[PDB]
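A quick write-up on the structure given underneath.
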Amino acid sequence: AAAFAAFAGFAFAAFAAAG
Amino acid sequence: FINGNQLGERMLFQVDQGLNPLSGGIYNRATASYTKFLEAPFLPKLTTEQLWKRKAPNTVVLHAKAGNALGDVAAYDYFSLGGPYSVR
Amino acid sequence: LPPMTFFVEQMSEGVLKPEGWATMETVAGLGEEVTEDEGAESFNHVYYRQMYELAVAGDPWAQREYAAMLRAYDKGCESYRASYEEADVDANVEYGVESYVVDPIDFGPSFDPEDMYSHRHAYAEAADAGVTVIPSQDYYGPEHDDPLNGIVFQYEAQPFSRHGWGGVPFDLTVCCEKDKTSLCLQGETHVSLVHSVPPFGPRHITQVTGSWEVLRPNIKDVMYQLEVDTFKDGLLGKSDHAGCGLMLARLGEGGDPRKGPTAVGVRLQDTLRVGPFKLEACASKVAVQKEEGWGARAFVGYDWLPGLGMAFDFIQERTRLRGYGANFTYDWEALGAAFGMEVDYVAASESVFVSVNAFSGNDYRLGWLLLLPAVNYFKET
Amino acid sequence: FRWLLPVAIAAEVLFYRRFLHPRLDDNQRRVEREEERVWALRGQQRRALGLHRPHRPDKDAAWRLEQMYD
Ligand SMILES: CCCCCCCCCCCC
């Protein structure tokens with residue numbers, strides 16, 4: 001669950017920063 | 001309170017009598033506090049009094065507190081001395 | 001350093017929303033009555049900033065708009081100055097020299113004289129200062145003195161604003177308790193930043209919060225916390241209120257941790273509408289310096305049964321005891337009374353708690369309804 | 001010891017009921033006088049322009065109104 005949470009957080013941060 | 005500064009006199013009297021004759025016993029606690037906020041004699045009269053219009057007068061506060069206990073009083077209600085309010 | 005469960009509970013608060021801008025009422029309406037609606041105020045802010053830029057560029061229409069705004073702002077400022085002067089004159093007329101006094105704080109019932117120490121808390125009303133002062137009450141205080149120890153200051157501002165448009169929302173709160181022996185100093189600051197508005201793009205906001213705690217005699221150590229959160233709406237749909245946050249906690253002696261125990265946490269928040277279910281979810285993961293804790297909160301609603309409220313919580317310790325909790329709430333109106341029930345179920349301890357609150361204001365029918373404890377009460381010798 | 005407890009009590013009464021009781025009452029009476037003055041001025045307001053009486057309440061209503069916002 002740790003890897004999934006970290007990956008989801010990183011992806012969400014990258015998506016929010018891209019826009 | 002005039003112009004944010006307080007002047008006058010204030011008297012406070014507290015009497016606690018234990019009419020216990022049931023382990024309290026006979027006890028009599030009397031506290032008298034007198035506080036006087038007086039205009040400073042050295043300071044000249046301010047414009048807020050004469051012109052009536054915007055200055056707070058300089059003040060000298062004299063406070064006297066006297067507390068006396070008689071009879072047998074338990075340590076719970078015993079008079080003491082100190083604390084932030086009584087003595088800084 | 002507090003356990004990772006505390007940090008995971010702090011991070012999994014729920015769906016959040018940072019504070020926006022504040023707007024004047026006189027300038028926005030150009031001297032006319034207005035109502036309240038978000039989206040039309042940040043639009044006014046960004047629009048007036050852009051029109052100022054264009055007027056500087058040389059567009060005549062932007063110049064005309066900015067001139068009209070300046071005229072309205074000047075008229076409003078002069079009106080407020082006149083109102084302040086009139087209010088001061090009226091206050092002088094009512095009480096010639098006597099400044100207004102304030103009501104003392106009511107502590108409650110006690111065997112000491114209830115009217116005693118009231119004179120100490122009765123002070124003259126302060127001027128229109130920006131700061132706000134609140135007293136702090138300790139649990140146990142001196143027997144023969146007032147139980148109010150310490151103070152807390154609260155301040156809010158929107159600096160870097162021109163003519164009431166734009167700026168950076170900023171909040172500050174400092175609790176100070178200083179005596180001859182101890183010292184407690186707790187500070188917190190919040191800063192808001194806006195990147196775009198619905199007319200000029202999406203809603204992009206970033207909030208930065210920083211809180212530090214100092215307890216000098218007991219702990220002799222200070223604690224720092226810094227969190228940055230980013231919020232954007234409509235990331236995967238029309239509206240999803242997506243948010244992502246990162247927090248850093250340090251327990252160093254001063255400034256940098258200097259080998260002090262550090263902790264890093266990250267949280268994600270989103271709400272989604274699927275079929276008849278409007279689900280709000282917030283999940284966070286925290287890692288201290290090396291256990292890692294996970295937390296998740298969800299709020300679920302069913303439109304066919306709006307009276308029922310369902311909340312789910314899941315907390316996982318470091319690998320791995322998983323605690324699951326379900327809370328249901330319901331309300332109804334009885335005969336001349338209102339009853340509200342709450343059921344909490346925990347699977348870790350296999351426990352169910354049911355609470356029913358009742359309020360009746362017409363008569364004492366509910367009192368006659370319940371009389372079992374009177375018979376149940378026995379002297380037993 | 002305890003034998004001196006009652007006598008001092010008299011002194012306390014000698015300080016309060018001979019001195020405290022009149023003094024404060026005086027101020028109370030003083031306040032009452034001022035109150036009357038206000039109503040007199042109100043009468044003048046009703047005297048001018050031919051206005052009718054302001055139907056002031058009785059003291060029984062007044063002391064109850066002390067508990068009110070008044
Ligand atoms: C100035 C460019 C706009 C985007 C800035 C994003 C900064 C926050 C991203 C890192 C924190 C998650």
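Letters A, B, ... mark the chains of the structure tokens in the order given; residue numbers begin at 1 per chain; ligand numbers begin at 1, in order shown.
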
(message) Around ligand 1, which protein and nucleic acid residues have at least one atom no more than 12 Å from it, if we count only C-alpha atoms and all ligand atoms? List them as a PyMOL selection string.
(response) (chain A and resi 9-19) or (chain C and resi 193-196+204-208+227-232+243-247+265-268)

(message) Give me the residues near region 82-94 of chain C as a PyMOL selection string, where near means some atom within 12 Å (using only C-alpha atoms) and where sequence neighbours in that chain fewer than 4 positions away do not count.
(response) (chain B and resi 2-3+52-54) or (chain C and resi 75-78+98-100+127-128)

(message) With only C-alpha atoms as the counted atoms, please give the residues lying no more than 7 Å from residue 40 (chain B), apart from itself and same-chain residues fewer than 4 positions off, as an NGL selection string.
(response) :B and (58-60)

What are the closest atom pairs, with distances in Å to one decimal, for all residues of chain B lying within 8 Å of chain D? Consider only C-alpha atoms, order rows by chain and residue number, and present the result as a tab-separated table.
```
residue	atom	partner	partner_atom	distance
B:26	CA	D:2	CA	7.1
B:27	CA	D:5	CA	8.0
B:28	CA	D:5	CA	7.5
B:70	CA	D:5	CA	7.2
B:71	CA	D:2	CA	5.7
```

(message) Using only C-alpha atoms and a cut-off of 12 Å, which residues of chain C sit close to chain B? Please list them as a ChimeraX atom specification.
(response) /C:88-89,91-93,95-102,111-113,115-120,122-127,141-149,178-180

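Here CA of residue 65 (chain D) stands at a distance of 26.7 Å from CA of residue 121 (chain C).
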
(request) Can you pull out every residue within 8 Å of residue 342 (chain C), counting only C-alpha atoms, but drop anything in the same chain fewer than 3 positions away, and send it as a PyMOL selection string? (result) chain C and resi 327-330+354-356

(request) Skip residue 5 (chain C) itself and residues of its chain fewer than 5 positions away, then list as a ChimeraX atom specification all residues within 10 Å of it, counting only C-alpha atoms. (result) /C:10-11,286,292-295,315-318

Emit the selected residues as a JSON list (two decimals), in the first residue's frame, including N, CA, C and O atoms.
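Now in part.json:
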```json
[["chain", "number", "residue", "atom", "x", "y", "z"],
["C", 10, "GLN", "N", -3.79, 13.66, 11.82],
["C", 10, "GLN", "CA", -3.75, 15.07, 11.44],
["C", 10, "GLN", "C", -3.88, 15.25, 9.94],
["C", 10, "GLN", "O", -4.59, 16.15, 9.47],
["C", 11, "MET", "N", -3.20, 14.41, 9.16],
["C", 11, "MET", "CA", -3.19, 14.56, 7.71],
["C", 11, "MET", "C", -4.53, 14.19, 7.09],
["C", 11, "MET", "O", -4.98, 14.85, 6.14],
["C", 286, "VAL", "N", 2.40, 8.76, 6.10],
["C", 286, "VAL", "CA", 3.42, 9.48, 6.85],
["C", 286, "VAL", "C", 4.57, 8.53, 7.16],
["C", 286, "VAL", "O", 4.37, 7.34, 7.42],
["C", 292, "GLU", "N", 6.28, 3.62, 8.94],
["C", 292, "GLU", "CA", 5.38, 4.33, 8.05],
["C", 292, "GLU", "C", 3.94, 3.97, 8.40],
["C", 292, "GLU", "O", 3.60, 2.79, 8.51],
["C", 293, "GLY", "N", 3.10, 5.00, 8.56],
["C", 293, "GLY", "CA", 1.70, 4.82, 8.86],
["C", 293, "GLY", "C", 0.82, 5.30, 7.72],
["C", 293, "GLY", "O", 1.18, 6.24, 7.00],
["C", 294, "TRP", "N", -0.34, 4.66, 7.56],
["C", 294, "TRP", "CA", -1.28, 4.99, 6.51],
["C", 294, "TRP", "C", -2.64, 5.30, 7.12],
["C", 294, "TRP", "O", -3.08, 4.64, 8.06],
["C", 295, "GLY", "N", -3.31, 6.31, 6.57],
["C", 295, "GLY", "CA", -4.64, 6.67, 7.04],
["C", 295, "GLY", "C", -5.58, 7.00, 5.90],
["C", 295, "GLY", "O", -5.16, 7.52, 4.87],
["C", 315, "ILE", "N", -7.17, 2.83, 9.35],
["C", 315, "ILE", "CA", -5.84, 3.23, 9.79],
["C", 315, "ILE", "C", -4.95, 2.00, 9.84],
["C", 315, "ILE", "O", -5.32, 0.98, 10.44],
["C", 316, "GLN", "N", -3.78, 2.08, 9.21],
["C", 316, "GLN", "CA", -2.83, 0.97, 9.18],
["C", 316, "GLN", "C", -1.50, 1.41, 9.79],
["C", 316, "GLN", "O", -0.93, 2.43, 9.38],
["C", 317, "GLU", "N", -1.03, 0.65, 10.77],
["C", 317, "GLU", "CA", 0.28, 0.87, 11.37],
["C", 317, "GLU", "C", 1.37, 0.28, 10.48],
["C", 317, "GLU", "O", 1.11, -0.35, 9.46],
["C", 318, "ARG", "N", 2.62, 0.51, 10.89],
["C", 318, "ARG", "CA", 3.76, 0.00, 10.14],
["C", 318, "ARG", "C", 3.73, -1.53, 10.08],
["C", 318, "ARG", "O", 3.38, -2.20, 11.06]]
```
